[PDB]
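>>> Would you be able to build a 3D model of this:
(chains A, B, C, D, E and F)
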Amino acid sequence: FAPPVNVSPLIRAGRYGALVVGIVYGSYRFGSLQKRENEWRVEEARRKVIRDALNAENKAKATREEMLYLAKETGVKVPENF
Amino acid sequence: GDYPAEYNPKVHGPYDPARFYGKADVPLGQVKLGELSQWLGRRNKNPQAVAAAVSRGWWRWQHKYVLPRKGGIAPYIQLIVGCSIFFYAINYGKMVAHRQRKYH
Amino acid sequence: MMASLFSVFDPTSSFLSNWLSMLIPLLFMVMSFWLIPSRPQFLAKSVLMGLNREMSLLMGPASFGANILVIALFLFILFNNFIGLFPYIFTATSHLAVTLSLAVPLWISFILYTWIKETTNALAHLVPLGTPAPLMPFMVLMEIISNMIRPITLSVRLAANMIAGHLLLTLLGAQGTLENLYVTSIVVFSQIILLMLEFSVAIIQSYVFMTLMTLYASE
Amino acid sequence: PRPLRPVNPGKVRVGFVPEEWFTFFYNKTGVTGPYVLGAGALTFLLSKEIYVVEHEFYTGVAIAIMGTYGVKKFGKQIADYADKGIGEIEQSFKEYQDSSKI
Amino acid sequence: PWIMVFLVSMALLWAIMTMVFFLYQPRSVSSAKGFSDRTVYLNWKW
Amino acid sequence: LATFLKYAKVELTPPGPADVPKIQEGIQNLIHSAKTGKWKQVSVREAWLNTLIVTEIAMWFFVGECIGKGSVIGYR
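Numbers count the residues shown, from 1 in each chain, chains lettered A, B, ... in the order given. See below for the structure:
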């Protein structure tokens, strides 16, 4: 390729200076959000379990209604459990 | 659909759709950014003018990558990436609605 | 084995709508300037002159100069199937209006020109040749239904190949992970086999539709 | 100015990128400049979720691998085939001019 | 908006058809061979 | 790709720590330009070159941001 020609002695200092600033800001933000991720995931998991348990009860009710609707359509005998 | 009226075959010669056949204006490359507002306001923004400016640019790109004799696959790869880049920004709303990282 | 996704056929996802996805083959047209052509112009000219020679056996007098329409229909189909497989481009052929434009106006062109020119022969095409009287009427009614909805299935055929092709590719992509090298390599190699199939079928589907329209413009 | 047909097209690196872009940074950030900006831009778009790595990315990789393999296998034959047809046209036109003079 | 999509596709089909129509290679294969067969010669007064 | 590694040694070195007066004097020269000029007289082609130089510099901040969080493929 072309022979190398040295960079101006201000591009390098701005480049590596921004490189160092990104590292420490990267470390600072990642640690701050890591605490935020840990506390958000814990409360999200607790409300997800409660929501899933309530949705499981609603799904159990709707499936029995669907099973009741099927037996009404088919005209087959309706058992005591279903 | 006709040859532009500014074209003169006697002075210029044969028509060339990659050459601007109007008055020789100073291009924006050598504008020192103090004449940027004057240069932008001087160039008209007609639908005719921008359509002619696109075709004069498109034929310039044809003159650099296809119209030479040994024209390789490089123009046809540039168009595919160019259209894919342009259409990804169009469909950015559908793409960014899914994403991968919840925080990023 | 993870999940799937769909709906890559939204024309107005942004205010610069996806109608520009149909104006992309205008770029790929080989605009010609010099007397001695360039490499891609000669390749395109040799391909088109090759197809014109092959279709010359099936032209006929009623399609005396309609081969330009057939070839333009071929290049439009090819550039709406090849460009529909590149990743970040919405599937234009999935939209039925493109397939509506592909089949309906040309079929009405061919059936009305046949009816005006050869009305009895058009009705005789709705009967199998040499059909006796007790075998006549049910064959006529079904072939009437056949010839009425045959181009509609042609439009469905052009849509369904690229819909099934793009659904398969999106399915293979969505069931892979970047971090796992084994899964990514399997996904990539599976798509390469599928793309070779999808590129092959796209060209052949364009070739058969040129052949079908050349046969149906000859009559 | 009479438009003269050049023999070779514009110089191109990495398959499709213009060389005029790469040489534009030589006087300031040297040869490594455009590659550094390109690597940094690719990293930034992937990290900040601007480039969505969805299912179509794997198709984009599969096209890129197929295209590189197909071009490197058949590019020389097709370009020679096209150049053969150009030479036959050039021979046909120069023989017409000589026969007309004779 | 099927009407707008149909119009663009048909306009594209017309534009591709016109581009195909001019996509050709002119040739000049008419040499002066017929000029060599036009040898006008005087009838001799026998 | 040995020449790529060779060019990487030549023009990807960290800058000289002794250049601290020599970079601030250039910065002060740019500050002297900032309220006075040296940007309304620079050609748009060269001005676009200067902006992409800053873009090349500013990309290292996001490269450093990916380094500071560990893996560069998003937040792991």
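>>> do you know how far the residue in chain D positioned nearest to chain C is from chain F?
Across chain D, the shortest distance to chain C (C-beta to the nearest C-beta) belongs to residue D:55, at 2.9 Å. C-beta coordinates here come from the backbone N, C-alpha and C atoms, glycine included. When distance is defined by C-beta to the nearest C-beta, to the nearest Å, residue D:55 is 17 Å away from chain F.
>>> wait, that residue sits on residue C:174?
Yes - using C-beta atoms under 8 Å, residue D:55 is in contact with residue C:174, at 3.9 Å.
>>> Next, residue F:75: secondary structure please.
coil (DSSP: H, G, I helix; E, B strand; the rest coil).
>>> With residue C:186 instead?
Residue C:186 is classified as helix under three-state DSSP.
>>> For it, which residues are in contact?
Contacts for residue C:186 were tallied using C-beta atoms under 8 Å, 6 or more residues apart in numbering or on different chains; they are residue C:176.
>>> Tell me how far it lies from residue C:192.
Shown here: residue C:186 relative to residue C:192, a distance of 11 Å by C-beta to C-beta, to the nearest Å.
>>> Same check on residue C:89?
For residue C:89, the distance to residue C:192 (C-beta to C-beta) stands at 19 Å.
>>> And residue A:8, which helix or strand is it part of?
Under DSSP states H and E, no helix or strand contains residue A:8.
>>> Would you mind listing the buried residues in stretch C:212-219?
C:213-214, C:216-218 (16 or more other C-beta atoms under 10 Å in any protein chain shown).
>>> Tell me how many other residues surround the residue in chain A that chain E sits nearest to.
Nearest residue of chain A to chain E, counting by C-beta to the nearest C-beta: residue A:66, 38.5 Å away. Using other C-beta atoms under 10 Å in any protein chain shown, residue A:66 is surrounded by 9 other residues.
>>> quick revisit: what's the nearest residue to the residue of chain D closest to chain C if we skip its chain neighbours?
Leaving aside its chain neighbours, residue D:55 sits nearest to residue C:173 (2.9 Å; criterion: C-beta to C-beta, 6 or more residues apart in numbering or on different chains).
>>> What of residue D:71?
Using C-beta to C-beta, 6+ apart, the closest residue to residue D:71 is residue B:73 (5.6 Å).
>>> The one you found contacts residue D:72, correct?
No - in this structure residue B:73 lies outside contact range of residue D:72 using C-beta under 8 Å: 10.1 Å.
>>> ok, the residue of chain A closest to chain E to residue A:58 distance?
12 Å.
>>> for residue A:26, same thing?
44 Å.
>>> of the two, who's got more company?
Neighbour totals were compared for residue A:26 and residue A:58, and residue A:26 leads with 20 against 10 (other C-beta under 10 Å).
>>> any idea which element that one lies in?
Going by DSSP H and E, residue A:26 is in helix A:11-74.
>>> packing partners for that helix?
Judged by 3 or more C-beta pairs under 8 Å, 6 or more residues apart in numbering or on different chains; DSSP states H and E, the packing partners of helix A:11-74 are helix F:44-68.
>>> do the helix it packs on and chain C meet?
No - counting by C-beta under 8 Å from any C-beta of the partner chain, chain C is not contacted by helix F:44-68; separation bottoms out at 15.4 Å.
>>> hmm, that helix touching chain D?
Yes - applying C-beta under 8 Å from any C-beta, one finds helix F:44-68 in contact with chain D at F:49, F:52-53, F:55-56, F:59-60, F:62-63, F:65-66.
>>> Quick one: buried ones out of the residues you listed?
Applying 16+ other C-beta under 10 Å to those flags F:49, F:52-53, F:56, F:59-60, F:62-63, F:65-66 as buried.
>>> Tabulate these (a markdown table), appending distance to residue E:29.
Formatted as a markdown table, these follow (distance: C-beta to C-beta, whole Å):
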| residue | distance to residue E:29 |
| --- | --- |
| F:49 | 53 |
| F:52 | 54 |
| F:53 | 58 |
| F:56 | 58 |
| F:59 | 60 |
| F:60 | 64 |
| F:62 | 64 |
| F:63 | 63 |
| F:65 | 68 |
| F:66 | 65 |
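>>> okay, residue B:73 and residue D:72: which has more neighbours?
residue B:73 (18 against 9).
>>> Need phi/psi at the more buried one.
phi -80, psi -10 (degrees, to the nearest 10).
>>> all helices of chain B, in order?
In chain B, the segments counted as helices under DSSP state H are B:36-42, B:47-65, B:74-90, B:92-96.
>>> I misspoke; the intended subject was chain E.
Secondary structure of chain E, counting by DSSP H: helices at E:2-21.
>>> Quick one: name the residues of it near chain D.
Chain E comes close to chain D at residues E:25, E:27-33, as judged by C-beta under 8 Å from any C-beta.
>>> Arrange these in JSON lines, one row each, with neighbour count as further columns.
Converted to JSON lines, the residues of chain E next to chain D look like this (neighbours: other C-beta atoms under 10 Å in any protein chain shown):
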{"residue": "E:25", "neighbour count": "15"}
{"residue": "E:27", "neighbour count": "10"}
{"residue": "E:28", "neighbour count": "10"}
{"residue": "E:29", "neighbour count": "9"}
{"residue": "E:30", "neighbour count": "10"}
{"residue": "E:31", "neighbour count": "16"}
{"residue": "E:32", "neighbour count": "13"}
{"residue": "E:33", "neighbour count": "10"}
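>>> Going by distance to chain B, which of those wins?
Nearest to chain B out of the residues of chain E next to chain D is residue E:25 (C-beta to the nearest C-beta; 15.0 Å).
>>> give the contact list for the closest one.
Contacts of residue E:25 (C-beta under 8 Å, 6+ apart): C:37, C:42, C:45, D:89.
>>> How many neighbouring residues does the second one have?
Spelled out, that is residue C:42. 21.
>>> just the last one next, same as before
Residue D:89 sits with 16 neighbouring residues when counted by other C-beta under 10 Å.
>>> and what of the first one?
Residue C:37 has 24 neighbouring residues, counting by other C-beta under 10 Å.
>>> Can you tell me the element whichever residue of chain C sits closest to chain F falls in?
Residue of chain C nearest chain F, by C-beta to the nearest C-beta: residue C:178 (7.1 Å). Counting by DSSP H and E, no helix or strand carries residue C:178.
>>> Tell me the spacing between it and residue D:55.
11 Å.
>>> higher neighbour count, the two?
Shown here are residue C:178 and residue D:55; by other C-beta under 10 Å, residue D:55 has more neighbours (24 against 15).
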